[PDB]
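Q: Chains as they are written, first to last, in PDB author numbering: chain J, 2 to 32, 92 to 297, 311 to 330, 334 to 372, 375 to 400; chain E, 8 to 47, 64 to 294, 316 to 471; chain H, 65 to 106.
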Amino acid sequence: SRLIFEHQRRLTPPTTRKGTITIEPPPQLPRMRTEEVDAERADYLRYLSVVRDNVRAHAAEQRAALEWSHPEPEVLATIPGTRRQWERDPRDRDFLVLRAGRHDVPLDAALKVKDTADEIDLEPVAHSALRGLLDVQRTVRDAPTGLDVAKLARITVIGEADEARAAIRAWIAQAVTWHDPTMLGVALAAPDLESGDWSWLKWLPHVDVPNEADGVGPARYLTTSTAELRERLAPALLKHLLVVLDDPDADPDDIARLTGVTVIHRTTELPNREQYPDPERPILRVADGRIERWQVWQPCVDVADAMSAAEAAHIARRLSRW
Amino acid sequence: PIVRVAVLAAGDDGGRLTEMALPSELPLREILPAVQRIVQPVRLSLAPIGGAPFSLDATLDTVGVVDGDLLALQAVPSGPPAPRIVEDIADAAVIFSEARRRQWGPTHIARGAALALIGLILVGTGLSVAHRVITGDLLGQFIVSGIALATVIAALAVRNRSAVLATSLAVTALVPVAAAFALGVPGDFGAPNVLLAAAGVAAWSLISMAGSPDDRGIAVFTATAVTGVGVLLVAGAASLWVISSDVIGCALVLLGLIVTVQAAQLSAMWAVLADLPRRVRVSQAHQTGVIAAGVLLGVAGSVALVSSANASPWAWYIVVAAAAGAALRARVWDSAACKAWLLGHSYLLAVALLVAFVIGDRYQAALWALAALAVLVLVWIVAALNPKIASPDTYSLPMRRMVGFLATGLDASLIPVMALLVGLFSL
Amino acid sequence: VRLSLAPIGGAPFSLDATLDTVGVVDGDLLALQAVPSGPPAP
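#1: Since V334(E) contacts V249(E) with CB under 8 Å, what's their CB separation in whole angstroms?
#2: Mind pulling the chain H residues with CB within less than 7 Å of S285(J)?
#3: Is the shortest distance between the beta-carbon of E121(E) and the beta-carbons of chain J less than 8 Å?
#4: I'd like to know if the segment 348-366 of chain J and the segment 18-26 of chain E are in contact, where contact means that at least 3 CB-CB pairs between them fall below 8 Å.
#5: Of all the alpha helix (DSSP H) runs that stay within the bounds of the segment 126-205 of chain J, which reach a length of 4 or more residues?
#6: How big is the Cα-Cα spacing for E100(J) and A137(J)?
#7: Please name the residue, chosen from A323(J), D322(J), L311(J) and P355(J), that lies closest to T335(J) on a Cα-to-Cα basis.
#8: I'd like to check one pair, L96(E) with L15(E): are the Cβ atoms closer than 8 Å?
#9: Is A202(E) near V152(E), with beta carbons less than 8 Å apart?
#10: Please go through the same chain and pick out, in chain order, the residues whose beta-carbon is closer than 6 Å to the beta-carbon of residue 487(E), but skip the five residues on each side of it.
#11: Return the CA-CA distance between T190(E) and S235(E), expressed in angstroms with no decimal places.
#12: Nearer than 7 Å: is that true of the beta carbon of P355(J) relative to any heavy atom of the ligand GDP?
#13: Compute the distance between the beta-carbons of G73(H) and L29(E), then report whether it is under 8 Å.
#14: Output needed in chain order: residues of the segment 70-97 of chain H with a Cβ under 7 Å from some Cβ in chain J.
#15: Would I281(E) count as contacting chain H if we go by Cβ distances under 8 Å?
#16: Classify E127(J) as buried or exposed, calling it buried when 16 or more other Cβ atoms lie within 10 Å of its own Cβ.
#17: Based on the DSSP secondary-structure assignment, which residues constitute the bridge partners of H131(E)?
#18: Quick one: what's got a C-beta closer than 8 Å to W360(E)'s C-beta in the same chain, skipping five residues either side?
#19: Answer with buried or exposed for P265(J), where buried requires no fewer than 16 other C-beta atoms within 10 angstroms of its C-beta.
#20: Report yes or no: do three or more beta-carbon pairs, one from the segment 382-392 of chain E and one from the segment 425-439 of chain E, lie closer than 8 Å?
#21: Take the Cβ of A337(E) as the centre, count every other Cβ of all protein chains shown within 10 Å, and call the residue buried at 16 or more, exposed below.
#22: Mind checking if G149(E) is an interface residue toward chain J, Cβ cutoff 8 Å exclusive?
#23: Determine which residues share a DSSP beta bridge with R11(E) and list them.
#24: Consult DSSP for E220(J) and reduce its assignment to one of helix, strand or coil.
#25: To which residues does DSSP link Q376(J) through a beta bridge?
#26: So for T332(E), helix, strand or coil by DSSP?
#27: Less than 7 Å between C-beta atoms, sequence neighbours within five positions excluded: which residues of the same chain meet that for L387(E)?
#28: Within 10 Å of its beta-carbon, does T286(J) have 16 or more other beta-carbons around it, so buried, or fewer, so exposed?
#29: Have a look at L179(E), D160(E) and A173(E) and flag the residue whose alpha-carbon is nearest the alpha-carbon of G207(E).
#30: Out of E7(J), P15(J), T94(J) and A189(J), point me to the one whose CA is closest to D111(E)'s CA.
#31: Of all the CB atoms in chain E, is at least one closer than 8 Å to the CB of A387(J)?
#32: Can you list, in chain order, the residues of its chain whose CB lies under 8 Å from that of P27(J), leaving out five sequence neighbours each side?
#33: Thinking C-beta only, is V217(J) closer than 8 Å to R342(J)?
#34: Shorter than 8 Å from the beta carbon of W263(J) to some beta carbon of chain H?
#35: Determine the chain J residues that contact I108(E) at a beta-carbon separation under 8 Å, and present them in chain order.
#36: Excluding the 5 residues flanking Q371(J) on each side, which residues of the same chain have their C-beta closer than 8 Å to its C-beta?
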């Protein structure tokens, strides 16, 4: 059946010099010929212009890196066949991170203004230009980012039919392709599984347990009943696990409260005054194209992604050769 | 339900062209992996040559593949272009303006000098002739010949150094040259002078058409050459034998339609297959010019028959008939410029009559002449809105046929009329 | 008629050889179209 795969060396992704650039403070308005300060304003701005084109270069690095390891949910079709498929190992700075969308990232470079703000009276034009630099530029524009599932331990979903699912169908694919399936194992339990819904998530040698037959598929965890999927992983309770559900009702969070199973379910109601959304156990309403985290409304993704079953199934089959 | 198509993959080196036959009624996302292995971090897809990539969900039936078309292997369209963002309005002027090709450079000066020169020659000539036609003094003919000779040399002097200025400098050399010979034994702007000039440009042209190392300046030479030769004979025979009260044009419009109707053969008359592309265009350039010789001739006398007052009711139909004949003789010509040339014959002739009456102080047919242009303009528009009356496909076959006997039934049916105006058989 | 299996974009299978000799891996696309009474179209 399945051909074999080897463990190469992962191609070195483009670097990211995480420097901490230090800007020098402006002048202090002596209060002296006009042509004197006019000679210094033209001497500061001419300095910020060489630093504005220097701190704008750093950004194009992160956006080169972050995009190098989370391409749009169509490039990941050509990932499995080629020699860089399961490149990620458990020590990369991008380990167990799931591309959910793209929005404004905070530009990990420091941008320190090492100075002494005492008796403020700074030259006006030479001061306003500094702040303008520090706000617009300390954030990368639209950049592929997403969930750090390694320490999240709970997912909740709120939305309509063909959209609350497509988001899981969207990033659970990017979840597994970027690992050797020996390292992560998903768990699916859905009443409407085999109608163009989760059914296609069968073919995969990620959808395999150790040493099971089930007739046709390796594990075929794809079922309808929740207690059905769940106890078929009673031994599995360090490989990581994603128990998921498509049931609006029927009791999520019945297993935990672990060290590697992040649970998921879909609902239809939102809480009213939910107490302090943790850095864990988030709530993520899914609007037309947004993934709004429940907070107090914190968009947290400015344009989401959706993995249609047609380009979805085609992901499984190609990964079923190896 | 298989269909036979041929894909084209050229990204690596040159290109690889194979064909195949493929199972229709499927999302193309299923068959893409197969072709990727035959011919060969981005995604790919299929597209007809000349169109946009096809969706990965449609089928080769609903996206309209005919069994045997040539598809290409292009990429999924794009993503966002990732707009830059700069806050200091100062540098917002230097950054977003580079994308212009603005640099002064020592090539905006090359085009600079030559363009200045061609102006100097032209007004240098026209001054002297204006010093020669409205008043009279031959010092111009000194200066005419002076500049006329000079440009003659310069084109022959950079034939192998610029390869574009040369052919440009030749075409402008014939304006003063035609001016020079036209000044021997003046007359009243003279009877036989127009004989001397038609020799000059027909001389100067023929020397340079063969002198062109490439295309880009061939058609203008060819057309004016035949135009010079053409006017020479009907001017020469007009210089001694015939007095020809009005029948100069009767020779012209005859000679005109003759050149237009006999056009394909004349082009051939100027005639490893590696240098096929160079030979095919020159052939086309030859045809597109030769036809202009026809139209410009076709009006050349036609502007003189109905020119003055007291003309013939047979003279009025002697020009109109020609126009339609040439206008309906276009549907046989393939290229674009070939079509336009003969198509606008009536247009060019229309304005000729207008100025004629305004310069002839008529203020009667002038207005009509302006009303004879709109009718021609109006039909142009309705030809443009709906590609229906312009497209002969939504017609009838005998209509396509009737226009044939309509065509050859009139473009030649004026030589009997021709015998009337001159009264060639009234003798 | 004679219908048989075929990888997409290739000539159909040979009827008396197992798929494991032609090299069918678990997860291919095979088509039930007719059999060539002639050449395998290289």
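Note that the Cβ used here is the ideal one computed from N, Cα and C, for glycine as well.
A: Let me lay it out:
#1: Rounded, the Cβ-Cβ distance is 6 Å, consistent with contact.
#2: Under the 7 Å cutoff, chain H gives no residues; its nearest Cβ is about 28 Å from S285(J).
#3: Judged by the 8 Å Cβ criterion, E121(E) is not in contact with chain J.
#4: These segments do not touch.
#5: As far as the segment 126-205 of chain J is concerned, its whole alpha helix (DSSP H) runs of at least 4 residues are 184-196.
#6: Each residue's CA atom was taken as its position, placing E100(J) and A137(J) some 56 Å apart.
#7: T335(J) has its Cα closest to that of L311(J), out of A323(J), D322(J), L311(J) and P355(J).
#8: At a Cβ-Cβ threshold of 8 Å, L15(E) and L96(E) count as neighbours.
#9: In terms of Cβ geometry, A202(E) and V152(E) form a close pair [threshold 8 Å].
#10: Any property of residue 487(E) remains undetermined from this structure, which presents chain E solely from 8 to 471.
#11: Rounded to the nearest angstrom, the two C-alpha atoms are 7 Å apart.
#12: Among the components of this structure there are no ligands whatsoever, and the ligand GDP is therefore not found.
#13: It is a contact, given that the beta carbons lie within the stated cut-off.
#14: Those would be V89, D90 and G91, in chain order.
#15: For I281(E), the answer is no, since every Cβ of chain H falls outside 8 Å of its Cβ.
#16: Around the C-beta of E127(J), 16 or more other C-beta atoms lie within 10 Å, and the residue is accordingly described as buried.
#17: Paired residue(s): none; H131(E) is not in a bridge.
#18: Sequence-distant Cβ neighbours of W360(E) in its own chain, meaning closer than 8 Å and more than five residues away, are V350.
#19: So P265(J) counts as buried.
#20: As far as the Cβ criterion goes, the segment 382-392 of chain E does not touch the segment 425-439 of chain E, which means the pair count is below three.
#21: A337(E) is buried by the Cβ-count criterion.
#22: Not one chain J Cβ lies under 8 Å of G149(E).
#23: Beta-bridge pairing links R11(E) to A28(E).
#24: Note: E220(J) maps to coil in three-state DSSP.
#25: For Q376(J), which the question treats as bridged, DSSP gives no partner whatsoever.
#26: DSSP places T332(E) in helix when its eight states are reduced to three.
#27: Closer than 7 Å at Cβ, skipping near neighbours: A371 and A374.
#28: It is buried - the Cβ of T286(J) has at least 16 other Cβ atoms within 10 Å.
#29: Ranked by how close their Cα comes to the Cα of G207(E), the residues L179(E), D160(E) and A173(E) have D160(E) in first place.
#30: Of the residues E7(J), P15(J), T94(J) and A189(J), the one whose Cα lies closest to the Cα of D111(E) is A189(J).
#31: Under the Cβ criterion of 8 Å, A387(J) is not counted among the residues facing chain E.
#32: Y104, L182, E183, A186, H187 and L190.
#33: Contact flag set, yes.
#34: Chain H contact via Cβ: present.
#35: Neighbours of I108(E) across chain J, judged by C-beta separation under 8 Å: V196 and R201.
#36: Within its own chain, the residues whose Cβ lies closer than 8 Å to the Cβ of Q371(J), once the five positions on either side in sequence are excluded, are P353, listed in chain order.
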